[PDB]
């Protein structure tokens, strides 16, 4: 199959957008699995806190190493051969191709940051693969984990009928092309006539030409 384990202190966010349209359908269908672990549950600490202030001081809090380890050990006990990852804005920049490389593993674990980060020992002891969906700071790692999961799950088979699947890959580069649909006029803007001709050859040809412009503006 294809399993994703998410470690967060906001489990109520999930599946959120991950549970809707094809993505949710296939999830119920069981084409993929979504295990969401509440990190808060692992605190055996009497203060039952997950965060704490940082040695050396400064702002905000940091997720405690002992708590995260209890959580991570449980996931490992349950999925020993799992690729441990961690969302932070200063790691491997996530791309459609990195996604593909992740498909090679069929069991990924995504720890989501919160507050000012996590105790470094966890990064080191467990050898986490830091991943960044882009050059911006979020309130936490969970939107990141969603973006990653959405990106990868779309390349599982059965989630997207082979029609839209062999396609998208046809466009090859970010170009794609202008697309149009009914009405034929809208605010007096009419559809390029070639699309209305039924001429597959002449339409593919126009679509490659339009694919090259717009991109030419890049």
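Numbering follows the first chain given and starts at 1.
As the entry records it, the average C-alpha temperature factor is higher for 99-107, out of 70-78 and 99-107. In this entry, 90-98 shows the higher mean Cα temperature factor of the pair 90-98 and 144-152. Residues shown: 27, 160, 63, 39. Highest C-alpha temperature factor in the entry: 160.
Placement of the Cα temperature factor of residue 34 within the chain: lowest third of the modelled residues, per the deposited record. Among all modelled residues in this chain, the alpha-carbon of residue 23 has a temperature factor (C-alpha) in the middle third.
Looking at the C-alpha B-factors along this chain, the one for residue 9 belongs to the lowest third. For residue 116, the recorded CA B-factor ranks within the highest third of the chain. Only modelled residues enter the ranking.
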